[PDB]
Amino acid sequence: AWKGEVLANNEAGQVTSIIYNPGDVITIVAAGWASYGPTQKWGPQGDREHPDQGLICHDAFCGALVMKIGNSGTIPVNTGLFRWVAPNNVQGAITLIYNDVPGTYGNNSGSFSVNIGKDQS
């Protein structure tokens, strides 16, 4: 299991100790407050009212928590995933990332606190 923080201004994402292998079932729970620029902060679902201006993940809101598994595309995480199997046979190290537009991370603030564990299988 892994626990740690994902900073909103960290464009490269936060590598975890979790390697997702074939057959794994995982659960993720994320909490906390972050911003992509505004004074206001949002939780791990991000800002539902904000337009997509070239986000790294088009299937989550600006300011949401997302991830990559190995060489996968970005996958939404939001507040978390319950007893979840990765689609399309993706595998590898899990990296958590704040959803913003590339090159605009420098004004971001806050972080999310994230737990990931493997479940029974």
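Between two forms, the rigid core is defined as the largest C-alpha subset superposing within 1.5 Å. Throughout, we count residues from 1 along the sequence that is shown.
- Across the superposed structures in 8 other deposited structures of this protein, aligned by the core, the stretch whose Cα atoms lie more distant on average is 89-97, chosen from 89-97 and 60-68.
- Relative to the displayed structure, the C-alphas of 80-88 lie farther away on average in 8 other deposited structures of this protein than those of the other candidate, with 33-41 and 80-88 compared after rigid core superposition.
- Legend: mean Cα B-factor per stretch from the PDB entry, 56-64 versus 85-93; the higher mean is in 85-93.
- When the mean C-alpha temperature factors of 22-30 and 46-54 are read from the deposited coordinates, 46-54 comes out higher.
- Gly73: CA B factor lies in the highest third for its chain, per the PDB record.
- Among the modelled residues of its chain, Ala1 has a C-alpha B-factor that falls in the highest third according to the deposited record.
- When all modelled residues of the chain are sorted by CA temperature factor, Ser111 is found within the middle third.
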